[PDB]
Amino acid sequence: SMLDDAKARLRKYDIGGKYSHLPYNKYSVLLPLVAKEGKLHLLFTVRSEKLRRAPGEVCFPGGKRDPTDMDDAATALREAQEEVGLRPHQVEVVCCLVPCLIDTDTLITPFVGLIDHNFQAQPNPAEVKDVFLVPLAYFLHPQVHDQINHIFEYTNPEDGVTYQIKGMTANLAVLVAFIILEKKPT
């Protein structure tokens, strides 16, 4: 099936806990895969304008590890719940992708999660200004704008709203698209 095939692909790139003990400032993100109309989508947030770090920016759900978290995956799930109302029974964490090194002292660990079909996002306005889906296939043929570095523009056909996706977030979206969609029969 589509979902079984995505999970089997993703598992081949799972690094697991290999990098998880290293003495970094630790953040985790959840790459939430949602199946709609027979195709996979990624769920993104727009961060609230009010926040200290990264205001107004398009990010996957996530944030800084805290002492309650059992592990790095727990961080990602906690932050997803606070930001968009995603409960742990509504997500299957499939794998841990390559971590991202930032600022010499920070390690960001991405986890890919399969999202239950009955999940309905409840944006928390203290954390997130918007939540939106992009079809995974988009990241194979994105609409690129050079601001000099590359920015993706995605226009939702439901309402014509354009979103700008860039940086680590854009890079991770492309990675997941390649993993799941490369070399597939039609």
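For every residue, the number given is its place in the sequence shown, counted from 1. What we label the rigid core is the largest C-alpha set whose atoms superpose within 1.5 Å from one form to the other.
In 7 other deposited structures of this protein, superposed by the rigid core, the C-alpha atoms of 51 to 59 lie farther from the shown form than the other of 51 to 59 and 137 to 145.
Coordinates are absent for 10 or more residues of the deposited sequence placed between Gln147 and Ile148.
Judged by mean Cα B factor in the deposited record, 54 to 62 ranks above the other of 54 to 62 and 31 to 39.
Stretch comparison (138 to 146 versus 63 to 71) by mean CA B-factor in the PDB entry places 138 to 146 on top.
Residue set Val112, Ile115, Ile102, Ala80: peak C-alpha B-factor at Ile102 (per PDB entry). Split the chain's modelled residues into thirds by C-alpha temperature factor. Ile15 is in the highest one.
For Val98, the recorded CA temperature factor ranks within the highest third of the chain's modelled residues.
For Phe44, the recorded CA temperature factor ranks within the lowest third of the chain's modelled residues. In the deposited entry, the Cα temperature factor of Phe132 sits in the bottom third of values across the chain's modelled residues. Ranked within its chain, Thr169 lands in the lowest third, by CA B factor from the PDB record.
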